[PDB]
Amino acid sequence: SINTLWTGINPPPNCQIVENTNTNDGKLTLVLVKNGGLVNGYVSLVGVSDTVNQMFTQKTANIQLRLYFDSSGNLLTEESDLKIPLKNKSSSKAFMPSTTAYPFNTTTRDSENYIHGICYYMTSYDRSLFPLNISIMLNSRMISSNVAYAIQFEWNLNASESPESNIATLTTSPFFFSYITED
């Protein structure tokens, strides 16, 4: 119990997808559950701005969300794309990605710093599914400051046709993952 760090169910716009957009244009739902040596995660994204919700009118698209954490395990909102700190339900460090399992400053050892999977986008018209490649990069590149941990999410759409012809709420079906915690 009380072993859950998250963005809260239906959070307000809390991240920035478009660079240079003083306003949050996306809604990221991230749920991290401590479960022994593993963190059980859940991640889905919803777009809010007209710009975000138009990215799927093109056959190709990329969305990246970077989370940087300090030694205590607190989200460094100024440097991260997620602008609202995570909470608990009703020791953030225990929800963080092991710097041992996932080491920093290493390209010789950067490969074991990635989780790769597939999630989907359901079109607004015929409700068809477009697969989205999703990658989660743990630690590895500490942007700067006193970044003690990092979690970067990236969704990539690479289709032969555009999933939408016009504005439609961008949504990424839920991607499940786990990673070894710093305990």
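Residue indices: 1-based, along the sequence shown.
Colleague: Between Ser90 and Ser91, determine how many residues of the deposited chain lack coordinates; answer none if the chain runs continuously, otherwise 1 to 3, 4 to 9, or 10 or more.
Modeller: In the deposited sequence, 4 to 9 residues between these two have no coordinates.
Colleague: Would you mind comparing 143 to 151 and 120 to 128 for me and telling me which has the higher average C-alpha temperature factor in the entry?
Modeller: Higher mean C-alpha B-factor in the PDB entry: 143 to 151.
Colleague: Name the higher of the two by mean Cα B-factor in the PDB entry, 130 to 138 versus 35 to 43.
Modeller: Averaged over C-alpha atoms, the B-factors run higher in 35 to 43.
Colleague: Hey, out of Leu76, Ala101, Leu86, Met96, whose CA B-factor is highest in the deposited coordinates?
Modeller: Checking the PDB record, the top C-alpha B-factor among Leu76, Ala101, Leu86, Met96 is at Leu86.
Colleague: By the recorded C-alpha temperature factor, relative to the other modelled residues in its chain, which third is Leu170 in?
Modeller: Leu170: CA B-factor falls in the lowest third of its chain.
Colleague: Would you mind checking where the Cα B-factor of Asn24 ranks among the modelled residues of its chain, as the lowest, middle or highest third?
Modeller: CA B-factor rank for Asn24: middle third.
Colleague: Lowest, middle or highest third of the chain for the C-alpha temperature factor of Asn14?
Modeller: For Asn14, whose C-alpha B-factor we compare with every modelled residue in the chain, the answer is the lowest third.
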